[PDB]
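Student: pasting an experimental structure with its sequence.
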Amino acid sequence: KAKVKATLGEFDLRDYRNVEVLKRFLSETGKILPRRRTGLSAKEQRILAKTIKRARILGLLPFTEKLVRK
Amino acid sequence: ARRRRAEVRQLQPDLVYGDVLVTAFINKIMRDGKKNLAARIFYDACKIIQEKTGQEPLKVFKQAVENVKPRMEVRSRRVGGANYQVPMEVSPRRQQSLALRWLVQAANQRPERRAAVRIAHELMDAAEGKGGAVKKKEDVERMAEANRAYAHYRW
Amino acid sequence: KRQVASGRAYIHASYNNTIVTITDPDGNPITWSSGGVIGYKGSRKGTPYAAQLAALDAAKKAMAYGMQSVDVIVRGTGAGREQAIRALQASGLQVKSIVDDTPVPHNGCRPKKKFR
RNA sequence: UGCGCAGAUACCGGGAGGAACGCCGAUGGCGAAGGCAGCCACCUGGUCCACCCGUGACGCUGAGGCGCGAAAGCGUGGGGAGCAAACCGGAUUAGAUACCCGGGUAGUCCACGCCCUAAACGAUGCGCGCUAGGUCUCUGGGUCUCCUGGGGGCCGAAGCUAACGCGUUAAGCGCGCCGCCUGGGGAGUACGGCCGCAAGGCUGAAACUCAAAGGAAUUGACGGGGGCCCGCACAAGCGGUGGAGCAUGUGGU
Ligand SMILES: [Mg+2]
Ligand SMILES: [Mg+2]
Ligand SMILES: [Mg+2]
Ligand SMILES: [Mg+2]
Ligand SMILES: [Mg+2]
Ligand SMILES: [Mg+2]
Ligand SMILES: [Mg+2]
Ligand SMILES: [Mg+2]
Ligand SMILES: [Mg+2]
Ligand SMILES: [Mg+2]
Ligand SMILES: [Mg+2]
Ligand SMILES: [Mg+2]
Ligand SMILES: [Mg+2]
Ligand SMILES: [Mg+2]
Ligand SMILES: [Mg+2]
Ligand SMILES: [Mg+2]
Ligand SMILES: [Mg+2]
Ligand SMILES: [Mg+2]
Ligand SMILES: [Mg+2]
Ligand SMILES: [Mg+2]
Ligand SMILES: [Mg+2]
Ligand SMILES: [Mg+2]
Ligand SMILES: [Mg+2]
Ligand SMILES: [Mg+2]
Ligand SMILES: [Mg+2]
Ligand SMILES: [Mg+2]
Ligand SMILES: [Mg+2]
Ligand SMILES: [Mg+2]
Ligand SMILES: [Mg+2]
Ligand SMILES: [Mg+2]
Ligand SMILES: [Mg+2]
Ligand SMILES: [Mg+2]
Ligand SMILES: [Mg+2]
Ligand SMILES: [Mg+2]
Ligand SMILES: [Mg+2]
Ligand SMILES: [Mg+2]
Ligand SMILES: [Mg+2]
Ligand SMILES: [Mg+2]
Ligand SMILES: [Mg+2]
Ligand SMILES: [Mg+2]
Ligand SMILES: [Mg+2]
Ligand SMILES: [Mg+2]
Ligand SMILES: [Mg+2]
Ligand SMILES: [Mg+2]
Ligand SMILES: [Mg+2]
Ligand SMILES: [Mg+2]
Ligand SMILES: [Mg+2]
Ligand SMILES: [Mg+2]
Ligand SMILES: [Mg+2]
């Protein structure tokens, strides 16, 4: 499987308002993908976590979703 | 059998019907090593069944056996304290042994006086679907589908 | 007496029981079944067989109200959580979709000693 | 046991309230220790790097003192969802003052004030200097296969250690300073003292008694430990014994 950073452009890791890019870093559910799947660095993931959470308080990214399978 | 598969014994074909199933049935009738007695019992019973009914005794032997074969049984398995009666299928080999054994043990519970009389009559009843053998088979198949709730313990 | 003909079927699957509710698309229930509704009483209620028979009882109870299309919601883990779904598929109800909505807290409430 | 026909469980919607922050999440980070996980803002401490700019030995340790100090517990006033000592039941059991199940008070949370213990652990005081490397990682800087600082890991040179192991994050080589040990039990007891509302803490003996107490490692036994594997050990199956009468041997008388 490819990683998210690999298939992506030059984006601002701090911009909490960009949903189009942040939604790429959530799972099927609303969870935050581990660095193994996001391809980010330790620092980069540390920043993404915060900006995703900020965006979740704004109603932009979800806290959790429902799994359609099984 | 802890090491190997314990291969099945290959019986000798029947001296009369050239058929192995018959030889095995004779073996289950035989007691105290009297195979001549058992064979004369079986064959005189073949005369009985072939006369009192005008059909070939071979086909009736096979049919009677076939109607006693159980397709499912129950086996205990030790699970978290007291064990459970757990249904599962029956090996074709085991269907064989069980059906023949049940046939003989049932025939000797018959009221008839002579051996070959009981053998013939039980063969006829079991081939028609009645008779004690078919009741042991129907009761075992009742053991499955009753404890069916444990179908996840298959093993 | 309702004629919904389409709705939701909720599979609540715990280790001690599996119970099925069947509702209209607005969530309001129609009929339901459970492990105790069919004959079983004790531990046998949490078995996958009882999950099958509960699912089927509730599906037949849905037929009389006209149900054909069903969306399946699933909450919980336990034996016969899958078996209840597989019974729901061959129940004659066409299964529209299947979702797992099992509620997990974000570490809010202290569990019983049993769950630590 | 409990709850449910006064309609529970399951499902949808609305509302209240308390507590804790899923994923990120790490073998990760920060802190002197205790300890610190949603998010935003304010106030605020430590720490690291680069420049080589300023002061000019201003340093290290540290008996007393003073401040901090998980949980539990104490006082007053709140609060009180979930859990839950004590306690009330239900089971289990030889018994069950327990493990399991249904409940439930303190408490767990807040404020303010007490208490000062701990497997408070790296069971390893602080500071400096010297002694091969290799590898993973967090975070700075650089002429950015790499080089160079500061943390966190794993192997391992020299060396040390009783051994396990330690090994530039020393348990190696040295130096300064503080704290502490001196056989097991009696005993963290007794007395006095200081402190505390209390519970209790800090200090801390003796008589008496014993030929031990202990550390690490070794072979072996054992495990209601693990992996693997045999035997009529189980299973599948056939015939028996246990019952009768008798033969015979033994116990008892
Ligand atoms: Mg149950
Ligand atoms: Mg599983
Ligand atoms: Mg836990
Ligand atoms: Mg009632
Ligand atoms: Mg009642
Ligand atoms: Mg009442
Ligand atoms: Mg609701
Ligand atoms: Mg509210
Ligand atoms: Mg209240
Ligand atoms: Mg985690
Ligand atoms: Mg200068
Ligand atoms: Mg000068
Ligand atoms: Mg100092
Ligand atoms: Mg001091
Ligand atoms: Mg304290
Ligand atoms: Mg406290
Ligand atoms: Mg209090
Ligand atoms: Mg109070
Ligand atoms: Mg409770
Ligand atoms: Mg309790
Ligand atoms: Mg009790
Ligand atoms: Mg009792
Ligand atoms: Mg006992
Ligand atoms: Mg600690
Ligand atoms: Mg020292
Ligand atoms: Mg200093
Ligand atoms: Mg290293
Ligand atoms: Mg760089
Ligand atoms: Mg640190
Ligand atoms: Mg280093
Ligand atoms: Mg050496
Ligand atoms: Mg080492
Ligand atoms: Mg050096
Ligand atoms: Mg050193
Ligand atoms: Mg040493
Ligand atoms: Mg002494
Ligand atoms: Mg003490
Ligand atoms: Mg004194
Ligand atoms: Mg005193
Ligand atoms: Mg006093
Ligand atoms: Mg007391
Ligand atoms: Mg030892
Ligand atoms: Mg062993
Ligand atoms: Mg045992
Ligand atoms: Mg034996
Ligand atoms: Mg046996
Ligand atoms: Mg005898
Ligand atoms: Mg009798
Ligand atoms: Mg006898």
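Tutor: Arrived safely, thanks for sending. Numbering: from 1, shown residues only, chains lettered A, B, ... in the order given. Ligands and ions are numbered 1, 2, ... in the order given.
Student: ok, for residue B:74, nearest residue in space, not its chain neighbours?
Tutor: Take residue B:74 and drop its neighbours on the chain: the residue closest to it by CB to CB, 6 or more residues apart in numbering or on different chains is residue B:143, 4.1 Å away. Every C-beta, even on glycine, is put in place using the N, C-alpha and C of the backbone.
Student: now do that neighbour against residue B:23, distance only.
Tutor: The gap separating residue B:143 from residue B:23 is 30 Å, by CB to CB, to the nearest Å.
Student: contact partners for the residue positioned nearest the centre of chain A?
Tutor: Geometric centre of chain A, nearest residue: residue A:25, 2.6 Å, by CA atoms, centre = their mean. For residue A:25, the contact set (CB atoms under 8 Å, 6 or more residues apart in numbering or on different chains) comprises A:4, A:32-33, A:38, A:48, A:52.
Student: neighbours of the residue of chain B found nearest RNA strand D, how many?
Tutor: Nearest residue of chain B to RNA strand D (CB to the nearest atom of the strand) works out as residue B:2 at 3.1 Å. By other CB atoms under 10 Å in any protein chain shown, the residues close to residue B:2 number 4.
Student: can you map out the strands along the chain?
Tutor: I'll assume chain A. Ranges of strands in chain A, per DSSP state E: none exist.
Student: looking at chain C here, not the other one
Tutor: Assigned by DSSP E, chain C shows strands spanning C:6-13, C:18-23, C:29-34, C:69-75, C:94-100.
Student: how about TSV for those, with mean neighbour count and distance to chain A added?
Tutor: Formatted as TSV, the strands of chain C follow (neighbours: other CB atoms under 10 Å in any protein chain shown; distance: least, CB to the nearest CB, whole Å):
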stretch	mean neighbour count	distance to chain A
strand C:6-13	22	11
strand C:18-23	24	15
strand C:29-34	19	20
strand C:69-75	19	7
strand C:94-100	15	5
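Student: and stretch B:102-110, C-alpha only, in PDB?
Tutor: Presented in PDB, the C-alpha positions along stretch B:102-110 are these (Å, rounded to 0.1, in the frame of the first residue of the first chain):
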ATOM      1  CA  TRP B 102     -27.300 -52.300  15.100                       C
ATOM      2  CA  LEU B 103     -28.900 -54.800  12.700                       C
ATOM      3  CA  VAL B 104     -27.500 -57.800  14.500                       C
ATOM      4  CA  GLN B 105     -28.000 -56.500  18.100                       C
ATOM      5  CA  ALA B 106     -31.600 -55.600  17.100                       C
ATOM      6  CA  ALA B 107     -32.400 -58.900  15.400                       C
ATOM      7  CA  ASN B 108     -31.400 -60.800  18.600                       C
ATOM      8  CA  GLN B 109     -33.900 -58.700  20.600                       C
ATOM      9  CA  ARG B 110     -36.700 -60.100  18.400                       C
END
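Student: up against RNA strand D, what does chain B have?
Tutor: B:1-3, B:28, B:31, B:97-98, B:101 (CB under 7 Å from any atom of the strand).
Student: now the two most distant members of these.
Tutor: Distances among the residues of chain B next to RNA strand D were taken as CB to CB; the most separated pair is B:3 and B:31, at 31.8 Å.
Student: of those two, which one has the most company?
Tutor: residue B:31 (10 against 5).
Student: can you tell me the closest non-neighbouring residue to the more buried one?
Tutor: Leaving aside its sequence neighbours, residue B:31 sits nearest to residue B:38 (CB to CB, 6+ apart; 7.4 Å).
Student: give the contact list for residue A:60.
Tutor: A:16-17, A:19, A:22.
Student: 10 Å instead, please
Tutor: Residue A:60 makes contact with A:16-19, A:22-23, A:52, A:54 under the criterion CB atoms under 10 Å, 6 or more residues apart in numbering or on different chains.
Student: give the buried residues for stretch B:111-118.
Tutor: For stretch B:111-118, a neighbour-count test (16 or more other CB atoms under 10 Å in any protein chain shown) marks B:115-118 as buried.
Student: can you check stretch B:65-72 too?
Tutor: B:65, B:67-70.
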